[PDB]
Amino acid sequence: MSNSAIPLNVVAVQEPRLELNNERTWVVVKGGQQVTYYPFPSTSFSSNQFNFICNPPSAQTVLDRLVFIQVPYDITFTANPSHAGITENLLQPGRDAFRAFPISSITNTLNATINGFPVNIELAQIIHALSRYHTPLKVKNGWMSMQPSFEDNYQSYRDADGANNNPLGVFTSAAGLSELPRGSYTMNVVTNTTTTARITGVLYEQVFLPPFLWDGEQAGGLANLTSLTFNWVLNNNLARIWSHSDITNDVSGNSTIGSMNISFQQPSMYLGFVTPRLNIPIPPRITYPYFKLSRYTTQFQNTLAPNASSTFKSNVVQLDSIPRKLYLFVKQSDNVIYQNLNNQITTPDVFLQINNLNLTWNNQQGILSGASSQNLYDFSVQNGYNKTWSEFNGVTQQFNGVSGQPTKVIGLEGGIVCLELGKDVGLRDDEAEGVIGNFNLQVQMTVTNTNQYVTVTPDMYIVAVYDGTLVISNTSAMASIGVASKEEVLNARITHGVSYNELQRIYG
Amino acid sequence: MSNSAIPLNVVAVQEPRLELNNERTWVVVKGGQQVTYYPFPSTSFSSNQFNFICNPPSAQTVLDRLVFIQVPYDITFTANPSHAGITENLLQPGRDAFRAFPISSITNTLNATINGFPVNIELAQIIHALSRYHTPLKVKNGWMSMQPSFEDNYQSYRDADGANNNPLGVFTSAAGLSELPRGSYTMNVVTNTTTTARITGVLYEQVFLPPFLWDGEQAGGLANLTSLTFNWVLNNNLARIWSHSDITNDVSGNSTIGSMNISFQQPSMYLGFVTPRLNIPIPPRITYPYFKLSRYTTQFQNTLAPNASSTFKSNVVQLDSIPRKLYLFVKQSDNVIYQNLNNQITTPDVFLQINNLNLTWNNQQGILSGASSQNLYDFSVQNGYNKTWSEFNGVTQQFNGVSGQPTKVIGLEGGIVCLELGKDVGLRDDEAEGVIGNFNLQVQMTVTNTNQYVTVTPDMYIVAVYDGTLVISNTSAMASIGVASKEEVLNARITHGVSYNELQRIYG
Amino acid sequence: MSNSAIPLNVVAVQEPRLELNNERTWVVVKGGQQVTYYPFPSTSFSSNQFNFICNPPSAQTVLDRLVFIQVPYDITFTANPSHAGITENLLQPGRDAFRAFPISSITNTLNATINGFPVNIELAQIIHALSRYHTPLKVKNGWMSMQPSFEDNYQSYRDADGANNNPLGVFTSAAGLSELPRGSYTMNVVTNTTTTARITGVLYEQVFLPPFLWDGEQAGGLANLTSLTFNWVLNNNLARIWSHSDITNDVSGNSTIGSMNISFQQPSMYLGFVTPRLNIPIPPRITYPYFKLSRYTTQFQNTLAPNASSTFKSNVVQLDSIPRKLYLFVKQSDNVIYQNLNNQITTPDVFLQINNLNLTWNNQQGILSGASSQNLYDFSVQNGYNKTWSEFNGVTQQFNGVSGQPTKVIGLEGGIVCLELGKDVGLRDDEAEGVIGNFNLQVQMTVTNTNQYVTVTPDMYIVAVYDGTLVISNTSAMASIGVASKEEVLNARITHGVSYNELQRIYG
Amino acid sequence: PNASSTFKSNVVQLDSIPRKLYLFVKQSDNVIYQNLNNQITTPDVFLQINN
Amino acid sequence: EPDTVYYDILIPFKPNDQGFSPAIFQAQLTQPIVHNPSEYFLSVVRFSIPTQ
Amino acid sequence: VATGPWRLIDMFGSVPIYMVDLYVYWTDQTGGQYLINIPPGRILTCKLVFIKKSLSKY
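Chains as they are written, first to last, in the numbering used here: chain A, 1 to 508; chain B, 509 to 1016; chain C, 1017 to 1524; chain D, 1525 to 1575; chain E, 1576 to 1627; chain F, 1628 to 1685.
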């Protein structure tokens, strides 16, 4: 109906300039009266951790989902014996700014508890990876704008300078309407001169974790609850906040900035509470979506540099149930970085390029045996990786014309691969994205160091984000992962109705 | 599915790679038949006003909604016989170009009457705020691009030069696939020299008042019109077309340009008329969504400089129905910046930073008294803002790395907050966005001057946008505000069907 | 609500921050077990033409639509007599890269037969029309990131350097989160001096022709294929891969580079086979959308330069079915630019600017004859054009500020008009986008040349693209255009059901 | 004098199926006609159909 | 709603730094003059201009 | 000063009025605009009237 091997029926559609007759309905939008914000100062704050505690106005008052905490500080630097002279102002024009997202990356682990049930994620290792994944231009240049946010694309700050695209530079040099370099951020300054510096300012950072969201869209605020609290348990180093550049410092690994001491003032956290309208009521027990992402790591002692190739194996682990997604990536030297003030300050968070990877699920191994390192970037940008292929697996040929200077290769950030489990890995039928229980997974993979100067000693993380329901009812809040059972997954009526590219939009 | 708290309902959804079977249907698109474009040259052109008058060619001829006007011009610049010399050509390389958007900015007001019912907007002050959002990069690069299109980032022109981001820069040096700068706009320079400059070209400006539209989305056209007609009254000053750098002055300073002259020639409207096909009939009376922009402004005497804060209460105004959205921002006083043109020519377009705002609506006071300005930004970046937080709260410290100097601050741009009404004010029970009749509000709001040289006398603005449904028949031109009634807004049956995003789309 | 001229119907919505109640579901996401990948190496490549063949495992395994072919290579340039000059490294940092996109630009035609019915696309010139057209930033920066794919925006390289948006620069120098320029793509340099140079690497390019897709979303991948064989055939000239800037070459028209040769090592191509679950089976016979590009080209004897206008006549044609889309870009001719390499390597990929076009579809003339160039741009952007008005119709007044040189004009890019026949031309009643009959077009049009540097002989174009349905069943490949009858098309039950825009996406 | 190309046959509506039909490219006539020598010299033959 | 309402338009005096005044006035009025202007004939009495 | 009889202009749509906008110009042949200018010592004054259509016309 007509003319294909199989006749397929018709419908005609009117051009955009001409409807012009269709049921036009006047639609009114209604949300509860009075949404009001309260600032809670924080009693019981220290350099070792921050403590918040907040009673809602009551119950019956839907608490909005976006949250953030504004914190005032005080940092002083001092000059280093004895690389000196260190002529010229201690802090440089393009050279040195805040790391991003400063207070998040410093936080050793973060815990919050909705209404009795504790829900916490780790911030320090998780964030620099999960950062990349679900942001275009608009979404990254929006809420995530408040804390510094420009990634560390260059393999060392040594090579960057002086580049138009440099990771951390003054707002003056940027391309109109795009993400600013970290340097733009205000750092009200008390004084600086060779041998010292003092800066003071206020910085905002949004809570990261579930449910509360750091993304563009927004959904239904948690209710109905009695108690909430946040604990930032800071990391013990605290020097990591600030980031430096090696070009300035030569040449015994003796660096200008060592040493220094940060201080905080009393921080406050802002959250707003909408109250619904009396007439249309909200039910006594509401059920939300609930995600939680537990990382797994491994320590290796086999050293490779400056650009030698090697292979690894993860070690076995036993995930409780299929996880919604899985981010695998090698990243340098977690133990190694911390010793030395010098190390904490002047090194970026890029990860080495995956030459190739193989993986084993439960009961099959050699999943993705011969998928080109490149084929792994083809998925995902399907799951929104949000970088160029070039920079993924990034090595950079840049030639110099004079006779004779050898052209130089340039370090770059490496791939962080991901795979949602239904989509790529493939699954024994009767197994879906939620269902409990037991499975075991080991990753093997070959990575190659790409930066020039420092020999890296690897360790590789494997974050896994589970899926699950959480019901918040006034007395107590409960959650299941494995909300689905086996017999129900098999033979679940399939729907041509809802689109799949909608599930991209859910989170996050 | 089942087995969590309350038992849930279950659907399975196919992957992307394979559906594979779903009920596919061939669709035929049909808009016809003849599509055209006419050029009604403006009757009666002048330096004071352009006037167009143009009736649709034929019966039942629908009329497309993107309208614009091209206007060939001529300008000459003359040197001011002080500060001389005065070496180097009057027009500079990355120093001087058109103000964006030019014609609209120098329009005191434009009028159009669809079918004998009059509709007018106030182009001069409304624009630079209405332009800031809801713009995305996609759209900015599209329809908008024809008229000079880039914003004013820096608080003052002097500092800007020369940046990789500098507002008035030549096309080269604008980063690939991103908003280009105002020096790009191609027009011939007849002669450029010391003491004399003269230039000619042809500028396309969009007609900016709804119903007509400037965002790239397409919606029905207004059949069945009998006679459209526009009217442009030019703002008296006419120097305001040009921009400048405070730098080139220099040191006295009487700006090197001593004057200007601007001339025009006939310019032509450009409308498109589609006509529908015989088979499908258009109904004799149709209805459209028509919005309404008005501005209520206030004067002041006490000034701040260069970085002092203060408070201003607005002026009690009355509005005939609950507005859809509402804008509120401070600005450098129009009264001044008009005498002594050179300031007028080199003065930029940016808004003082809103430290906090507190608004008393009908039967309330102090609404959003406790929202940290930071808070005032998150909503709405949601509504559309598209500028980065750093721009909001204008300031950035850029150090200079040489002993011994003071580091220096820059100011970028003010916040230009807005509150969608049912969303961020909280609308009292049994009442909704549409409802008539009268209300009234006045916003008392503290602010600061952040521009580092000039003493800024302020003013306040408040751009309201009403929602109305107007019917065009032949011949009639009914228009209504407050179409909903009190009883209808109580117990209007809700839908899970549509969602707040789709609502977001309609405007615009 | 029933307050309007004609009563309208009401509904309510809830503001995003509170539903808080509506039915929730749990959506498990089922995808067949055992996704695999494999590099199929070329059975009998060569230097002239290379070609792969692969057979899907069986009747039930669904191959995926995104295919690409990676090819390793080496090159070698050698400095000629008698230009020198002959100074500095034969390659220079800002001046050299691959053409976007490198192996696409060389292919004479790519043929790929599916299941026994051969569909092919010519690719040398058809690829650049399609290149600018449908992509936006976020999708440009995804899959299409593997080939060096930044569009040539100046009318000659000579002027480009050094702008921080120059089409072939080094990675640093390209702004943050943007489209990075051509030079950035890595391959190692084994040597470089005067008198010689030699590079080695591996360039990806994803095979372009539909069905296989290059835009991010996934549609069901071809199954149930029985066999599939690609094969390319390349232009003998081959020198086109490399592109080089003008400045470096010395006056007397002498060129640094000439001449050089290329080499290829056996190349491969990566297919992705997926196989469905136990219980969900794929229908015996299925039906995919089937597009079909064509190219018609007309060259003349007359020449224009360095910026004089001309008008021209395209040859008459007869068209079997109204096509969906058409592209009408006139570009510097192919007759020249395969003769004498330095010019052949050097020439950019821009076309002449369109002062206006006059078109005649059947039995009517004068279509679009009064529509100013500016109008064309708007409809083209609406179709997705994506480039700013400034470059379309490109020229730019970049002005000098030195006493007393004249002020350089730049030739910029090109314009490429596109029309959709239902959207833009309007088809007589009883006729629509798919229907068959014999409708002759002949597109007269006037054009100016803009680059200041060379005389140009111009060959016009018209790419058309029909929309059909092709059914695959193993092993069969019926395909039919216009499915699609005059009476059925006229009757046309019309659904106010589907939007236009969603329809827009499954291009094209 | 031996480079390949493609060609689009022009459209043509018939009333009744033809029993058979013959397609063949050939050297275009006008050229053969202009100028006496040219006119005598060149034969009848066609170009080889690649597909 | 009442049968008839008068309005007064006067422009004061505003010089530039460079001595010149635009004889135009424009003003957003803080509260509507006519409730609904479909049923008014507008006309003007008593207008006066300095021609000095 | 008006001396009679009332000379009427019309009014059209149903928007409550929010703006008084007024421009004064003096013209010379050849007919160019020249927006009028107010001297240091004087004030420029119009008046206005709305009448309800129903009283004036049936």
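Don't be surprised by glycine CBs; every beta carbon is placed ideally from N, CA and C.
What does a CB cutoff of less than 6 Å around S735/B pick up in its chain, not counting 5 residues either side in sequence? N563
Chain B residues whose Cβ lies nearer than 9 Å to that of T1626/E: The contacting residues do not exist; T1626/E stays about 18 Å from chain B at best.
Using beta-carbon positions only, say whether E1436/C and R1340/C come within less than 8 Å of one another. yes
In whole angstroms, what separates the C-alpha of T764/B from that of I594/B? 7 Å
Can you give me the C-alpha to C-alpha distance between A671/B and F1595/E, rounded to a whole angstrom? 38 Å
Given that a residue counts as buried once 16 or more other Cβ atoms are within 10 Å of its Cβ, and exposed if not, what is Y1201/C? buried
Which of the three DSSP states is assigned to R793/B in this structure? strand
Quick one: what does DSSP say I1541/D is sitting in, helix, strand or coil? coil
Flag this pair as yes or no: are the beta carbons of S268/A and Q147/A separated by less than 8 Å? no
Would you mind telling me which residues of chain F sit closer than 9 Å to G691/B, beta carbon to beta carbon, in chain order? By Cβ distance, chain F contributes nothing, its closest Cβ being about 32 Å from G691/B, past 9 Å.
Is the separation between the beta-carbon of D1440/C and that of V543/B shorter than 8 Å? yes
Strand pairing of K1550/D, partner residues [DSSP]: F1570/D
Quick check on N672/B - is its C-beta less than 8 Å from some C-beta in chain A? yes
Buried versus exposed, by CB contacts within 10 Å (16 or more), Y778/B: buried
If distances are taken between C-alpha atoms only, which option among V29/A, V28/A, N111/A and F101/A comes closest to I53/A? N111/A
Tell me, please, whether the CB atom of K423/A is closer than 8 Å to any CB atom in chain B? yes
Which residues in chain B sit within 7 Å of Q1660/F, going by Cβ to Cβ distance? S554, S555 and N556
In chain order, what residues of the same chain have a beta carbon less than 8 Å from the beta carbon of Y581/B, not counting five sequence neighbours either side? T708, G709, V710, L711, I770, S771, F772 and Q773
In terms of DSSP beta bridges, what is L571/B paired with? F781/B
CA-CA distance, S44/A and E1039/C? 42 Å
Cut-off 6 Å between Cβ atoms - residues of its own chain near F1408/C, not counting five sequence neighbours on either side: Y1393 and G1431
Are the CB atoms of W361/A and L441/A nearer to each other than 8 Å? yes
Do we get a CB-CB distance below 8 Å when we pair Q1551/D with the residues of chain C? no
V1481/C and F1307/C - do their beta-carbons sit closer together than 8 Å? yes
Partners in chain D for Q1315/C, counting only beta-carbon separations shorter than 7 Å: Near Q1315/C there are no residues of chain D at all, since even the closest Cβ is about 13 Å away, more than 7 Å.
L1368/C beta carbon less than 8 Å from that of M1461/C: no
Unbroken beta strand (DSSP E) run spanning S1529/D, endpoints: No beta strand (DSSP E) contains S1529/D, which DSSP labels as neither H nor E.
Per-residue contacts from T1672/F into chain E (C-beta, under 9 Å): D1583, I1584, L1585, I1586, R1621, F1622, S1623 and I1624
Status (buried if at least 16 other CB within 10 Å, exposed otherwise) for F1639/F: exposed
Under a Cβ-count criterion, where at least 16 other Cβ atoms within 10 Å of its own Cβ denotes burial, should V29/A be classed as buried or exposed? buried
Within a Cβ cutoff of 7 Å, which residues of the same chain sit near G1048/C, ignoring the five residues on either side of it in sequence? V1290, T1291, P1292 and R1293
Other residues of its chain near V1352/C: CB distance less than 8 Å, five sequence neighbours each side excluded: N1359 and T1473
Closer than 7 Å between beta carbons: that is the criterion. Which residues of the region 474 to 492 of chain A meet it against chain B? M478, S480, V483, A484, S485, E488 and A492
So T36/A contacts chain C; which residues on that side make the cut at Cβ distance below 7 Å? Within 7 Å Cβ-Cβ: nothing; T36/A doesn't reach chain C, min ~13 Å.
Exposed unless 16 or more other CB atoms sit within 10 angstroms - verdict on residue 520/A: Look at the range of chain A in this structure, 1 to 508, and you will see that residue 520/A is not part of it.
In whole angstroms, what separates the C-alpha of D430/A from that of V483/A? 14 Å
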